[PDB]
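Reading through the structure tokens given below for one structure.
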Amino acid sequence: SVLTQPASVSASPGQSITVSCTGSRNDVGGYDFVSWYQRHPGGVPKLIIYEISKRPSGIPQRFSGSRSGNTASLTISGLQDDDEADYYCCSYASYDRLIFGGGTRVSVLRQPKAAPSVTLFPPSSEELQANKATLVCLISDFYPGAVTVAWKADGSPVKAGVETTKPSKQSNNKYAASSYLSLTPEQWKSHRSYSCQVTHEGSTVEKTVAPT
Amino acid sequence: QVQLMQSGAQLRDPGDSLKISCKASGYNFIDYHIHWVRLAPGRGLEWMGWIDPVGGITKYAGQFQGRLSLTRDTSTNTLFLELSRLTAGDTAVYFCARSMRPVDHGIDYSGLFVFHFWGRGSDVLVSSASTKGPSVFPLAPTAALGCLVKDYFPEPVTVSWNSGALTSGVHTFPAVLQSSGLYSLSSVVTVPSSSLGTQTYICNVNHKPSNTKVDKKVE
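So the sequence lines, in the order shown, correspond to chains A and B.
If you read the first sequence in the numbering used here, its first letter stands for residue 1, the second for the next number, and so on.
If you read the second sequence in the numbering used here, its first letter stands for residue 1001, the second for the next number, and so on.
See the structure below:
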């Protein structure tokens, strides 16, 4: 099971954000054993909150935790640069299990928001002649560094064959990422279009290519 | 003073076992349950299981039942993880972490359910490569055109354009790791259109591990 968290949230220094963590009566709702973990890019997770609202040693009270029904929430006030991280909720689950949320990127904005440039390439004729096919979705110049990518074949979602990179800081402090959809040529030619959908700060950019 | 010292990163074949260790210090070893947790791409943190150092009793998460074995050596304060029959889905950073508080059996288990002190992590990649040169494909087209540098191992690859003459508007993206355990990257140049057809564009790909140097014209 995966407790449900938003993919990302952002705000400016000195402001407050809240991250939700939605579970069930057999975990978040059923026991008072909800904890939160902070993880910096390339870093080690660190405990921020336990038993829903308690803070361990070293955590200031501007970090706070609550619960309503099956949803736990972490609030961070007075946002500082060090607060930019992935946050994970975690709950005991019946019986004798622990389950994590999928994580939320909290960004502390230090330059204006910038939407991603998206470029989608269809498979090349040379690749098809090698009996293979790859769609390439390139994502650049976005800020802050959090995106999600979804793929559509015609009007439908496609989950198989998708590999997506983490965002990488560019020279200009904006970010780049990319997503690859691997297909058989038969699969490629059997649809009328494929779409790459990039979501950033609540808005989705879509690019489409067609086999013909 | 609580410290968990993990063994390092590893590269493993599909079907191999993964064995990692975690040496504990700065506390009474037998008093604390130890957890293992991993951070896997496209997934958040994933709890794998805990072990009680007293009698070696464990609890495993459902998805690792039948493929995970947690053990302990009390005389060396060391914890071991063995994960069987690796697949690409097992590429992840593996952590050991200490429970918050000792268990009071039959009375209080609350401390079992919190990860307080963490190992530094063991970054694991599951791939059966083997040095392998890339296949380079043109990405046909201000306009954007590129080269796809597909299926190589290991890193890195370098890409230049027009024998080094073209640098403006060039964006070479970080590589993705495919479930095949092979890397792919793309390099894209944004050129003034009207210079299209007027100008030839060639990407020059270098993969030193396999000694491959490819030029690819992008029509």
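Ideal placement from N, C-alpha and C gives every residue a C-beta, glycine not left out.
Query: Which partner residues of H1033 of chain B appear in the DSSP bridge assignment?; Result: The partner list for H1033 of chain B (beta bridge, DSSP) is empty, contrary to what the question assumes.
Query: Got a sec? Which residues, its chain only, sit under 7 Å from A210 of chain A by beta carbon, not counting five neighbours each side?; Result: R192 and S193
Query: What residue ranges within the segment 1115-1152 of chain B form continuous beta strand (DSSP E) runs of no fewer than 3 residues, ordered along the chain?; Result: 1115-1118, 1122-1126, 1135-1139 and 1143-1152
Query: Sort B:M1005, B:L1004 and B:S1017 by Cα distance to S1127 of chain B and report the nearest one.; Result: B:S1017
Query: Of the residues that make up the segment 1130-1148 of chain B, which ones have a beta carbon closer than 8 Å to any beta carbon in chain A?; Result: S1135, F1137, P1138, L1139, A1140, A1144, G1146 and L1148
Query: Run down chain A in chain order and give the residues with a C-beta less than 8 Å from the C-beta of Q1178 of chain B.; Result: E163, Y180 and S182
Query: Is any beta-carbon of chain A found at less than 8 Å from that of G1044 of chain B?; Result: yes
Query: Where does the unbroken alpha helix (DSSP H) through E186 of chain A begin, and where does it stop?; Result: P185 to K189
Query: What does a CB cutoff of less than 7 Å around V1054 of chain B pick up in its chain, not counting 5 residues either side in sequence?; Result: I1030
Query: Can you give me the C-alpha to C-alpha distance between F142 of chain A and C1096 of chain B, rounded to a whole angstrom?; Result: 34 Å
Query: Can you grab the Cα-Cα spacing for the pair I59 of chain A / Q80 of chain A, in whole Å?; Result: 13 Å
Query: Of the residues B:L1185, B:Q1065, B:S1193 and B:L1177, which one's Cα is nearest the Cα of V1124 of chain B?; Result: B:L1177
Query: Are there three or more Cβ pairs, one per stretch, closer than 8 Å when the segment 101-110 of chain A is compared with the segment 127-136 of chain A?; Result: no
Query: When you compare the CB positions of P1174 of chain B and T165 of chain A, do they come within less than 8 Å of one another, or not?; Result: yes
Query: Let's see if you can read the secondary structure: which residues bound the alpha helix (DSSP H) around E127 of chain A?; Result: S125 to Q129
Query: Within its chain, find whatever has a CB closer than 6 Å to the CB of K152 of chain A; leave out the 5 residues flanking it on each side and keep chain order.; Result: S195
Query: Please report the straight-line C-alpha distance between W188 of chain A and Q5 of chain A, rounded to a whole angstrom.; Result: 33 Å
Query: List, from N- to C-terminal side, the alpha helix (DSSP H) runs of 4 residues or more that fit wholly inside the segment 61-128 of chain A.; Result: none
Query: Could you say which of B:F1137, B:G1119 and B:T1131 lies nearest to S125 of chain A if we only look at CA atoms?; Result: B:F1137
Query: Around the Cβ of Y1183 of chain B, are there at least 16 other Cβ atoms within 10 angstroms (buried) or fewer (exposed)?; Result: buried
Query: Which word fits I49 of chain A, buried or exposed, when buried means at least 16 other C-beta atoms lie within 10 angstroms of its C-beta?; Result: buried
Query: Taking all protein chains shown into account, do 16 or more other C-beta atoms lie within 10 angstroms of the C-beta of residue 1225 of chain B, making it buried, or fewer, making it exposed?; Result: This structure gives no information on residue 1225 of chain B, because the portion of chain B shown stretches from 1001 to 1219.
Query: Would you mind stating whether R1012 of chain B and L1081 of chain B have Cβ atoms separated by less than 8 Å?; Result: no
Query: Which of the three DSSP states, helix, strand or coil, is assigned to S203 of chain A?; Result: strand
Query: Look at the alpha carbon of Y1027 of chain B and the alpha carbon of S10 of chain A, and state the distance between them as a whole number of angstroms.; Result: 39 Å
Query: Using a C-beta to C-beta distance shorter than 7 Å, which residues of chain B count as neighbours of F100 of chain A?; Result: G1044, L1045, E1046 and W1047
Query: In whole angstroms, what is the alpha-carbon distance linking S1007 of chain B and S171 of chain A?; Result: 33 Å
Query: Could you say which of A:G43, A:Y95 and A:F33 lies nearest to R67 of chain A if we only look at CA atoms?; Result: A:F33
Query: Check the C-beta distance from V1157 of chain B over to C1203 of chain B and give it rounded, since I have them as a contact under 8 Å.; Result: Incorrect: roughly 11 Å between the Cβ atoms, too far for contact.
Query: Does any residue of chain A have a CB that is nearer than 8 Å to the CB of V1205 of chain B?; Result: no
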